[PDB]
Structures are given as C-alpha cells and as structure tokens.
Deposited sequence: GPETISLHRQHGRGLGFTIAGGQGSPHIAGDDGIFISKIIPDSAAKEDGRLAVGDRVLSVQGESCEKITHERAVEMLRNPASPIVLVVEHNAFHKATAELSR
C-alpha cells in the first residue's frame, strides 16, 4: 500500500523517470524512482527504492502529470519533502 516517506534537506537523493509524454513503461505515465543516489538523504533513510511509483509530493498528486511538473514539485525548497509512494510498483506493473 501507499507509504509516507519524509526526507529532510541538508537534494533529496534520487532521480525520477516517467510522466505524461515521456512514459517509463508502455501504457503507464507514472513517476517512478529511477536511482537512489549514494551518500544522500534518500539512501540514509532507506525506505525509498528504485521502481517505486511516486503518488504525491507535499500532498499534491503525481498521477497523470508530466515529468517537468514532477521535477518542479520535487525542487520545492521546503523541508522536509513528504512523499507518498508505492513500493515494487515497477515490478508489480511488469
């Protein structure tokens, strides 16, 4: 199910793939975590995983949005940034 992950800024430590107009999976425009950066907030926290589907950032939905919109949400200067994700979402989808 959806899991809430709050990351505190000291970048958050991950990259994303996907979005409307640049899907990462055929037929699925979702925003997915594509890499956990070593020695980062996301890595130290340990919850976020490659393949997670990002459902929200700061409570705002990441379903059916463009990659650019997702990047904008993730560069909000606020801290912490509150993510809601689905784990194993890529593997579940494929």
No C-alpha coords for deposited residues 11 to 13, 98 to 102
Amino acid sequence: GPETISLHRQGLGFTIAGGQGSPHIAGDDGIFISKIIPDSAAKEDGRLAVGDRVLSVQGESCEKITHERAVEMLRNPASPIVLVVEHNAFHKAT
From here on, numbers count along this sequence of modelled residues.
Of 77 to 85 and 21 to 29, which one has the bigger average CA B-factor?
21 to 29
Assert third(CA B-factor, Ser34) within chain per record equals middle
Chain-relative CA temperature factor third for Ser40
highest
